[PDB]
Amino acid sequence: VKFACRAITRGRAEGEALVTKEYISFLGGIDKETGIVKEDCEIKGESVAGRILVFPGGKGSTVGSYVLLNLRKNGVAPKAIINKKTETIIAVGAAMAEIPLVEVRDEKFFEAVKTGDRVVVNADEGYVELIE
């Protein structure tokens with residue numbers, strides 16, 4: 001299945017799909033240099049370096065436009081991020097860090113995407129290709 005989403009930034013990324021489930025925003029959560037998720041949800045302790053991150057949304061979202069770039073220049077940032085309801089501050093950060101950001105309107109994406117499989121994020125077209 002390949003869904004069409006609403007793209008803010010462009011570019012295309014290939015990585016393993018990681019779903020954190022909870023509403024965590026870029027207020028923090030990830031170590032700025034180490035790229036380790038220090039925030040608690042379930043998959044706490046791993047790195048987001050070079051994989052695909054899926055979030056429904058994030059509480060607060062008061063900050064994060066700067067951290068995305070810092071993580072990216074460390075190489076410990078996620079390749080792409082898919083949201084159901086994203087934030088403008090996220091879009092700005094993703095644009096500078098070259099992190100294809102797309103917003104999906106259908107819940108079926110979150111039902112299909114589970115941590116472990118492969119999702120091809122094409123923000124050029126605005127598409128998320130789930131490749132088994």
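Would you check if residue 43 is more than 16 Å from residue 7 (Cβ to Cβ), in contact (Cβ under 8 Å) with a residue 12 or more places away in the chain and assigned to a loop (DSSP other than H, G, I, E, B)?
Values: more than 16 Å from residue 7 (Cβ to Cβ): yes; in contact (Cβ under 8 Å) with a residue 12 or more places away in the chain: yes; assigned to a loop (DSSP other than H, G, I, E, B): yes.
Yes, satisfied.
Any idea which of (1) hydrophobic (A, V, I, L, M, F, W, C); (2) part of a helix (DSSP H, G or I); (3) under 15 Å from residue 55 (Cα atoms) is the one residue 82 doesn't satisfy?
Condition (2) is where residue 82 drops out.
Condition first: surrounded by fewer than 18 Cβ atoms within 10 Å (Cβ to Cβ) and within 14 Å of residue 98 (Cβ to Cβ). Now tell me which residues in the stretch 58-73 satisfy that. Steps first, answer last, please.
The first filter runs over the stretch 58-73 and keeps only residues surrounded by fewer than 18 Cβ atoms within 10 Å (Cβ to Cβ), leaving 59-60, 62-63, 66, 70, 73.
Residues satisfying the conditions are 70, 73.
Take the residues of the stretch 3-17 that are of a type in the set (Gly, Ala, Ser) and in a strand (DSSP E or B): which is farthest from residue 115 (Cα to Cα)? Write out each step before concluding.
Pass one, the stretch 3-17, residues of a type in the set (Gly, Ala, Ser): 4, 7, 11, 13, 15, 17.
Okay, now just the ones that are also in a strand (DSSP E or B), so 4, 7, 13, 15, 17.
Numbers: 4: 20, 7: 22, 13: 16, 15: 11, 17: 5 Å.
Only one residue fits best here, namely 7.
Identify the single condition in (1) aliphatic (A, V, I, L, M); (2) under 22 Å from residue 116 (Cα atoms); (3) surrounded by 19 or more Cβ atoms within 10 Å (Cβ to Cβ); (4) in contact (Cβ under 8 Å) with a residue 60 or more places away in the chain that residue 30 does not satisfy, given that it satisfies every other one.
Result: residue 30 fails condition (4) only.
Quick grid of which residues meet (1) at negative phi; (2) not hydroxyl-bearing (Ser, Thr, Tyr):
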residue	(1), (2)
45	no, yes
64	no, yes
72	yes, yes
88	yes, no
91	yes, yes
99	yes, yes
102	yes, yes
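Out of curiosity, is residue 25 over 19 Å from residue 126 (Cα atoms), touching a residue at least 60 places away in the same chain (Cβ under 8 Å) and buried (at least 19 other Cβ atoms within 10 Å of the Cβ)? Outline the logic, then answer.
Working: over 19 Å from residue 126 (Cα atoms): yes; touching a residue at least 60 places away in the same chain (Cβ under 8 Å): yes; buried (at least 19 other Cβ atoms within 10 Å of the Cβ): yes.
So residue 25 passes the test.
Would you tally the residues in the stretch 89-109 being over 15 Å from residue 10 (Cα atoms) and either in contact with a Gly (Cβ under 6 Å, 6 or more places away or on another chain) or free of Cβ contacts under 8 Å to residues at least 40 places away in the same chain (or both)?
Residues flagged as over 15 Å from residue 10 (Cα atoms) and either in contact with a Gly (Cβ under 6 Å, 6 or more places away or on another chain) or free of Cβ contacts under 8 Å to residues at least 40 places away in the same chain (or both) within the stretch 89-109 amount to 2.
Among what's in the stretch 110-132 and is free of Cβ contacts under 8 Å to residues at least 60 places away in the same chain and outside any helix (DSSP H, G or I), pick the residue that is surrounded by the fewest Cβ atoms within 10 Å (Cβ to Cβ).
Residue satisfying both the conditions and the ranking: 132.
Could you please tell me which pairs satisfy a Cβ distance under 8 Å, a separation of 6+ or placement on different chains, a first residue in the stretch 1-21 that is in contact (Cβ under 8 Å) with a residue 12 or more places away in the chain and under 13 Å from residue 98 (Cα atoms), and a second residue that is in a strand (DSSP E or B) and polar (S, T, N, Q)?
12/122
A short reminder: the numbers here are calculations on the coordinates, not readings from a lab. Ideal geometry is used to build each Cβ from the backbone, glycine not excepted, and the neighbour counts take in all protein chains shown.
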